[PDB]
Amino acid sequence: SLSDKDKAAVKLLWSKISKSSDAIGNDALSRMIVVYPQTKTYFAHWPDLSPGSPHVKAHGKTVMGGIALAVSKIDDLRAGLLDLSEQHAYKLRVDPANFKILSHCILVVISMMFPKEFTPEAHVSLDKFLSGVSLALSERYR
């Protein structure tokens, strides 16, 4: 669970990086597809999946809108992300290993873009947060 310390840390970090959310989402999604190509088949209905391609850029923004929703719903991620869970865990049957992969790519991109803000303390709180997001997305598997 997220302590108040963790929530404060995530909110402060988000306050510093949210203006860059479109770019974060495009880079993160681009890296999941090329660094972990097993995920490409989830998006095969879009023909150009190169880094920064129109569909990747657009969906990157969508993903980060889901992260901003999670920050607003940080006191109850499971309730907050229920619809997103029904889509990912039940309708799309995304393998939960892939939630870990996208979470890792988000942390790599935030570390790359905001090295001074992404301290070891910010890292452990945001990883606890992304673990909480991933578990919330896993709510409707079974």
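The first residue of the sequence shown is number 1, and the count goes up from there.
Visitor: Which has the higher mean CA temperature factor in the PDB entry, 69 to 77 or 101 to 109?
Guide: According to the PDB entry, the answer is 69 to 77.
Visitor: Return whichever of 47 to 55 and 34 to 42 has the greater mean Cα B factor according to the PDB record.
Guide: Between 47 to 55 and 34 to 42, it is 47 to 55.
Visitor: Among the modelled residues of its chain, does the C-alpha B-factor of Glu117 lie in the lowest, middle or highest third?
Guide: Its C-alpha B-factor, which the entry lists for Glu117, ranks in the middle third among residues of this chain.
Visitor: Taking the chain's C-alpha temperature factors as the reference, tell me which third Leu29 falls into: lowest, middle or highest.
Guide: It belongs to the lowest third of the chain when residues are ordered by C-alpha B-factor.
Visitor: Would you check the entry's CA temperature factor for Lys7 and let me know if it's in the chain's lowest, middle or highest third?
Guide: Its C-alpha B-factor, which the entry lists for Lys7, ranks in the middle third among residues of this chain.
Visitor: Tell me, lowest, middle or highest third: where does the Cα B factor of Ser21 rank within its chain?
Guide: For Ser21, whose C-alpha B-factor we compare with every modelled residue in the chain, the answer is the middle third.
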